[PDB]
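Chemist: Sharing a structure here in structure tokens format.
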Amino acid sequence: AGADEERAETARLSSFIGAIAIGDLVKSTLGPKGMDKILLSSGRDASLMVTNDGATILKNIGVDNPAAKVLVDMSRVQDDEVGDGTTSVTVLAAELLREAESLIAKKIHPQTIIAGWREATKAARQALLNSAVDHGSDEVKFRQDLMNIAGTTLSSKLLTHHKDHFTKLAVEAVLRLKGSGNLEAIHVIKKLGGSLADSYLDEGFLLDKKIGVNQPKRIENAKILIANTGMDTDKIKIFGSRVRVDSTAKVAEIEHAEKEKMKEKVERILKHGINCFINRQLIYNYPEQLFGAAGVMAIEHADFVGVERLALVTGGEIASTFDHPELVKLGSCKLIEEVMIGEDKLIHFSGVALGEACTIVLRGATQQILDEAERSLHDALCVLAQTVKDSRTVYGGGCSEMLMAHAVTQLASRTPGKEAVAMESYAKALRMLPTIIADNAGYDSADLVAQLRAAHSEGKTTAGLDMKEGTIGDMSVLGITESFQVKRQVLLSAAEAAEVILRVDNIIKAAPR
Amino acid sequence: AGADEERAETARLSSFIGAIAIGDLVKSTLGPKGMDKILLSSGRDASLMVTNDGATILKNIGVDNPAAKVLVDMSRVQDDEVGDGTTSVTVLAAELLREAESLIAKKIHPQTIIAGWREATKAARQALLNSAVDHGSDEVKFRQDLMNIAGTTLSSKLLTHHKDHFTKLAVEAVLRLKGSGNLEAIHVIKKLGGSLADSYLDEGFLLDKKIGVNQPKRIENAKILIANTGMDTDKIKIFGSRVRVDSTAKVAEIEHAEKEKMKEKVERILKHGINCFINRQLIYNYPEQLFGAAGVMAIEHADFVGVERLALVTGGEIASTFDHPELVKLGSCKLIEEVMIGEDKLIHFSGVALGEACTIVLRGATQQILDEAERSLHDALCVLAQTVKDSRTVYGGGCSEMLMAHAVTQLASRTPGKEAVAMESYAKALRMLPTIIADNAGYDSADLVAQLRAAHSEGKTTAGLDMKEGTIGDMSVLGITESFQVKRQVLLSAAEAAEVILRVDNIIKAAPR
Amino acid sequence: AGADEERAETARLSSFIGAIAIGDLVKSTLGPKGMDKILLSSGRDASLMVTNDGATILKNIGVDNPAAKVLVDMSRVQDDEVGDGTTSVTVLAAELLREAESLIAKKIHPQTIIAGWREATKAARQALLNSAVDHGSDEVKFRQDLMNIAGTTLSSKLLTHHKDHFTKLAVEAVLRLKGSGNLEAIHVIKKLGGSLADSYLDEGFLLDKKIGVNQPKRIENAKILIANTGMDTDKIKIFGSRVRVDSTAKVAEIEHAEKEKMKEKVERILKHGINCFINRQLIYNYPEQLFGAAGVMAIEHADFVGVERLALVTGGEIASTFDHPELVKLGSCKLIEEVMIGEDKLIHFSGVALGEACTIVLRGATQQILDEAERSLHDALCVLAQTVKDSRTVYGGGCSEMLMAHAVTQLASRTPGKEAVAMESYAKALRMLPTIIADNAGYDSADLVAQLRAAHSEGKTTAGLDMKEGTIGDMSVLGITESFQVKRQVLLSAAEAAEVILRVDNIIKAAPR
């Protein structure tokens with residue numbers, strides 16, 4: 001048959017090619033002047049996805065045979081710890097494969113060279129000494145809440161002309177979120193219109209459905225009903241086949257039975273004073289006539305994900321068969337109404353007593369870039385919760401990377417044996433990041449490298465790459481910072497994950513049969 | 001994600017080819033001396049649609065592999081807030097791509113060039129309150145209602161022989177339309193008969209269906225009935241079957257049962273005085289005999305879309321089972337009748353109490369060009385609605401474009417570094433529009449550009465391109481003006497769309513919102 | 001009719017293709033960090049020619065049927081007038097052709113776009129009065145003699161690590177060469193000896209030859225004899241034959257006849273006082289013994305090219321048979337001697353009375369680069385001779401081109417006619433030169449262009465592109481200046497040369513098509 005077999009140089013080469021291919025696409029993604037990439041694949045993809053988050057696109061697809069999918073999978077676990085900000089951890093790992101060329105110069109004994117990873121453990125340690133931090137971002141926090149890392153995550157994204165304002169908003173969202181609750185009840189949608197703020201913060205939950213042309217305009221002292229099962233009745237598990245009833249008049253009682261479903265709903269409804277009904281599916285027509293006259297606003301086919309979020313908000317409900325009304329369900333009563341946002345009419349749920357579950361509605365120019373905000377908000381909500389939880393962060397704009405590079409250069413000379421050659425190669429890897437951040441800015445990379453190394457060497461952690469300036473500047477004034485644990489995990493994960501493939505001589509596999 | 005391997009220059013090329021391909025076809029369309037269009041297709045299109053309206057044809061079909069459909073999709077967003085006058089936004093976006101050829105020689109960072117478009121935001125902003133325009137557009141209006149912009153939209157259309165008269169009619173339609181709601185209930189049907197006027201204005205809604213050969217021809221103080229459920233009775237999705245009866249005698253009872261459905265329909269139809277019945281679906285034969293004697297006109301398989309507009313028109317009604325008559329149904333009473341309009345017979349609904357919903361009927365010479373009128377009306381309606389709310393519009397015929405171009409030339413040398421190269425290129429883009437407008441006119445474009453610039457530079461905003469003359473003339477007498485928001489949005493939109501083209505690795509198909 | 005067809009759209013393409021091919025090879029050559037290129041040819045080519053100078057290689061070969069050879073022929077006439085600096089004139093004409101793709105899209109009179117060249121002539125006046133040049137170089141001149149244009153001319157050449165010192169020497173050579181005297185009389189040879197100076201200036205003509213080990217070391221009050229006919233005697237017009245004589249001893253008279261040949265040489269020689277004899281060919285041994293005893297130094301197989309310059313230098317002579325001596329021969333008498341230069345032995349002719357013929361001797365490492373000095377020197381001599389007599393020059397480093405570019409852009413929009421589209425295209429041509437000078441430097445081209453325009457726009461003529469700096473600086477401090485003739489001839493010629501290529505077809509002689 002033919003399971004994939006590779007010999008001597010080729011086995012190493014397959015690993016080599018996978019790392020180089022990923023680096024070129026990801027490099028434009030890094031730092032405050034990144035680029036949007038879209039990709040198209042065959043069926044079960046439904047077309048094009050545009051991702052500015054490097055981890056999301058790699059995780060989703062196993063495009064081809066060459067190994068790289070496993071290296072990609074690990075980055076998600078990093079994401080649980082913190083993840084995002086900007087993607088760059090993958091890029092450094094790729095760089096390590098290129099020096100494998102110098103390895104044939106030493107002619108045949110790589111395992112000893114593998115000591116470089118042990119060396120990397122030393123390189124990682126001084127990255128924790130060098131390249132300062134911030135102090136704590138202790139809790140809720142006034143000014144220090146944002147206008148920092150979220151802005152940087154956004155900076156690589158172009159939407160930031162007005163988006164950076166949006167990013168600032170997300171900290172407020174995280175502050176309410178924080179507690180033993182963990183991550184739940186956060187929903188976001190973008191709306192057509194035109195405002196400078198480009199976003200509204202809702203104390204409650206936001207939907208987008210209407211009962212029908214008829215029904216009262218507004219409800220007060222509202223009671224909310226949520227039903228798991230649809231209002232539709234007739235087909236059931238077994239049809240009961242084709243009926244055949246002696247005579248034919250009896251079939252009429254079946255119609256009468258339908259009336260009973262109508263009647264049960266009205267009797268439970270009137271006593272409660274029910275102001276709204278939300279059903280996650282198709283809704284039967286008889287009920288609809290009833291709701292309009294009563295003065296009750298109902299929702300058809302509301303998405304299930306929105307409903308779960310809403311239950312935490314209103315105190316929840318049991319959600320069973322039509323017995324579901326009254327005390328088995330809890331209703332929050334502040335105010336539910338249909339409100340024109342500006343140009344487009346939507347329905348707002350607000351005034352929730354609980355207060356720790358909220359919905360943010362975004363506004364904007366109206367296009368792919370606004371959907372870009374969908375990309376951005378998701379990153380902003382998660383980053384800030386982590387920043388408080390970690391209690392540690394590092395300076396952004398590549399400030400962290402150059403100082404670490406200064407420390408590693410002397411390491412190569414200090415070690416004697418097998419450790420020394422490998423140690424310096426790891427050290428040079430850090431150099432490209434300063435170059436990549438500057439290049440996307442629109443300024444000459446050579447000049448940038450020169451001034452950058454000089455400032456970090458002196459001992460100023462705050463100083464970094466300033467793209468706006470065209471040279472270097474004070475990162476802290478900008479407010480750009482990176483979460484501390486993003487750096488810890490990359491240092492151990494980048495080294496060992498890359499280490500496994502260089503170390504191993506082939507990939508035997510197995511044929512399907 | 002990731003399948004279509006195109007990179008940098010080749011990737012750029014696909015974007016490049018899409019813009020040039022669409023620019024030549026739309027080029028004819030922009031001025032008063034535009035041309036009509038003929039299209040041929042296979043695969044359920046059944047007929048050739050003649051469309052010089054660039055937006056309509058571009059939306060209907062995604063003809064080939066190179067990307068452009070998403071770019072195309074966006075122009076419609078422009079359309080609800082305005083859309084037309086003449087197409088042009090697509091041309092400007094395309095023109096930017098061709099100088100990208102000089103940028104490969106440049107060989108640096110595509111993104112650095114992009115700063116010109118952020119600069120273009122300045123151009124967008126300063127192209128606002130800079131142009132000098134007309135105010136007025138009070139409300140309703142005396143003689144400025146039309147013979148202006150609708151005529152210009154039409155001029156680019158082949159129909160402007162008989163048709164310019166048709167356009168004049170459309171503003172009368174918009175005057176009734178003003179209020180809050182913008183575009184609900186506006187319907188237009190082509191007529192194959194011949195009239196010099198070429199149009200008839202109906203005070204109500206136009207259909208094109210008939211009950212049958214028999215039935216009263218005219219009804220007065222008409223009551224309107226709409227039923228969700230069909231008149232037909234028998235199978236449902238649970239079968240009565242094709243039943244078993246013991247001695248033929250009992251088959252008779254089934255026949256009798258049919259009579260009962262007829263009885264319900266006649267007994268309460270009479271009390272109301274029912275003059276017309278409209279049902280969206282198949283109608284059962286028994287009632288048909290009944291309606292003729294009663295003096296009631298019914299419509300079999302009426303189209304649902306017509307019905308919804310009609311409901312808003314009548315005052316609305318609750319549609320259910322045969323209980324539907326009297327109060328649950330609201331009937332508007334004026335005049336319902338079938339009137340022959342010079343050729344193919346139609347049914348006319350008129351005298352609507354609401355007044356919000358109205359129908360416009362067109363007549364013509366009788367040809368492909370006549371079907372063209374359907375195409376022209378859609379553009380005519382949208383312009384006027386925008387003209388009243390904006391309260392601001394700009395001089396047409398390219399008057400706006402030359403003035404802005406003179407101002408932007410100064411800007412390029414004056415601005416610092418990267419800004420200078422970017423701004424200068426944006427300024428020259430405006431120059432092509434004068435050339436495109438002159439070329440379709442029948443006069444020499446080269447001569448036209450120079451003469452055009454001298455008048456605009458001087459300070460006369462009214463002066464612009466006169467296509468029939470072939471030289472520069474006074475735009476205001478001509479009546480060509482463009483809505484103020486057409487210019488605000490195009491300026492901001494053109495810069496954002498061009499900017500993303502260089503950045504993205506691959507193009508392919510639509511998905512955003 | 002069999003010869004090649006090709007008209008309008010097809011004919012234009014052949015011209016288009018020729019221009020693009022030449023531009024890519026020539027762009028590398030321009031400026032201080034330019035590059036050396038070679039070509040390989042077979043048949044009647046004994047060498048691979050490395051030509052830094054664009055004009056020399058283009059003239060030499062007509063490789064194929066496609067457009068280029070006639071355009072090429074024009075540059076040499078320019079060389080006679082001034083020629084060099086850096087090769088930019090061909091590049092500017094080639095980029096003109098790129099706008100033509102836009103022109104086909106334009107769809108008007110292709111002939112009208114021709115008016116652009118007439119427009120270009122107007123642009124030429126723009127160049128003449130919108131810039132400040134230098135107002136220096138009155139005659140001989142102290143400091144301003146060099147460290148200027150020659151350095152830039154040599155800038156494109158690799159061997160400039162020590163060469164700029166040599167370039168500096170070239171002006172001194174022209175100072176003696178200036179005046180009524182002819183422009184040839186200049187000889188250059190590279191030596192294998194090495195020193196920091198790398199070159200020596202001689203008072204006269206340098207030659208590498210020796211009679212033999214015997215003969216006096218130095219001659220004074222020297223008289224010089226040059227003979228067309230060789231010293232060799234025996235064969236005559238018609239084979240004497242393979243000849244037998246009456247006796248063995250009668251062959252001796254034949255030997256005796258040789259003695260007579262000897263006797264005539266000395267008799268004429270002694271009276272004159274003949275210090276040195278130079279013969280351009282083979283020399284017979286018998287006279288050689290005589291010269292040693294007499295105290296006369298002779299030269300075997302002296303190269304003819306050295307001799308022609310020498311005749312002008314000494315005063316000349318009529319070179320005939322041995323009737324050559326006395327009055328028919330003219331000889332100058334300062335000093336003729338052989339010293340020692342580095343390794344190789346050379347003979348120095350110096351102190352010539354005429355003074356308008358002089359020799360420069362170059363010393364170098366050995367390799368390709370020393371040969372490169374031969375390329376280097378040739379374009380150094382020509383520049384200075386033009387520089388002294390013209391009484392004008394322009395600022396170097398591209399200072400002249402950007403200022404003119406600022407002046408030209410306003411004019412295209414302001415000037416009425418077919419002129420407006422045509423003139424603007426000429427203006428953008430100037431933009432590339434700043435880019436080409438910067439690109440060879442290696443700095444990012446866009447940043448460079450942009451920064452450059454702001455300083456020229458301001459009004460500082462001295463400011464220009466400083467490659468060493470990486471930005472912009474004061475050109476005069478560097479001292480770099482360009483000959484005035486290069487700017488006047490290029491502007492008149494470029495418009496005429498550009499008009500003609502579009503006008504023609506096939507591109508002068510080879511085979512059909």
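Letters A, B, ... go to the chains of the structure tokens in the order shown; residues in each chain start at 1; ligands are counted from 1 in the same order.
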With 10 Å as the limit and counting only C-alpha atoms, what residues in chain A lie close to chain C? Please list them as a PyMOL selection string.

Modeler: chain A and resi 442-447

Chemist: Residues of segment 200-357 of chain B classed as alpha helix (DSSP H) by DSSP on the backbone are to be reported as JSON, numbers by chain.

Modeler: {"B": [251, 252, 253, 254, 255, 256, 257, 258, 259, 260, 261, 262, 263, 264, 265, 266, 267, 268, 269, 270, 271, 272, 285, 286, 287, 288, 289, 290, 291, 292, 293, 294, 304, 305, 306, 307, 308, 309, 310, 311, 312, 313, 314]}

Chemist: Pick out each residue of segment 133-229 of chain C that DSSP on the backbone tags as strand (DSSP E or B); I need them as a list in words.

Modeler: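 Secondary structure check on segment 133-229 of chain C, strand (DSSP E or B): residues 186, 187, 188, 189, 190, 191, 199, 200, 201, 205, 206, 207, 218, 219, 220, 224, 225, 226 and 227 of chain C.
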
Chemist: Pick from A:10, A:52, A:215, A:126: nearest to residue 372 of chain A, with only C-alpha atoms counted?

Modeler: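 Of A:10, A:52, A:215, A:126, the one nearest residue 372 of chain A is A:52, counting only C-alpha atoms.
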
Chemist: Just the residues within 8 Å of residue 309 of chain A, please, counting only C-alpha atoms, with nothing from its chain fewer than 6 positions along; format it as a ChimeraX atom specification.

Modeler: /A:184-187,205,357

Chemist: Between atom CA of residue 164 of chain A and atom CA of residue 152 of chain A, what is the distance, to one decimal in Å?

Modeler: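 A separation of 8.8 Å between them.
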
Chemist: Name all residues at most 12 Å from residue 219 of chain C (count only C-alpha atoms; drop same-chain ones fewer than 6 positions away) and give them as a PyMOL selection string.

Modeler: chain C and resi 273-277+294-298+333-338+347-350

Chemist: Got a sec: who's within 10 Å of residue 227 of chain A, counting only C-alpha atoms, leaving out chain neighbours fewer than 2 positions off, as a list in words?

Modeler: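 Counting only the stated atoms, we get residues 225, 229, 230, 231, 277, 278, 279, 280, 281, 307, 317, 318, 319, 320, 321, 322, 324 and 325 of chain A.
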
Chemist: Using atom CA of residue 82 of chain A and atom CA of residue 484 of chain A as the two end points, give the distance in Å to one decimal.

Modeler: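 Separation between atom CA of residue 82 of chain A and atom CA of residue 484 of chain A: 8.7 Å.
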
Chemist: Give me, as a PyMOL selection string, all polymer residues having an atom no more than 6 Å from segment 360-369 of chain C, counting only C-alpha atoms and skipping those fewer than 4 positions away in the same chain.

Modeler: chain C and resi 159+188-192+194+198-201

Chemist: Give me the residues near segment 252-255 of chain C as number ranges by chain, where near means some atom within 10 Å (using only C-alpha atoms) and where sequence neighbours in that chain fewer than 5 positions away do not count.

Modeler: C: 234, 247, 260

Chemist: Write out the residues from the selection above, keeping N, CA and C atoms, as a CSV table (one decimal), in the first residue's frame.

Modeler:
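What landed in result02.csv:
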chain,number,residue,atom,x,y,z
C,234,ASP,N,64.7,41.2,-45.7
C,234,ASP,CA,64.9,39.9,-46.4
C,234,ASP,C,63.9,39.5,-47.4
C,247,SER,N,78.3,30.0,-55.4
C,247,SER,CA,79.2,29.4,-54.3
C,247,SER,C,78.6,29.5,-53.0
C,260,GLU,N,74.7,46.7,-44.5
C,260,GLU,CA,74.4,48.0,-45.1
C,260,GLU,C,73.1,48.5,-44.5

Chemist: Please measure the separation of atom CA of residue 503 of chain A and atom CA of residue 20 of chain A, giving the value in Å to one decimal.

Modeler: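 Separation of atom CA of residue 503 of chain A and atom CA of residue 20 of chain A: 17.6 Å.
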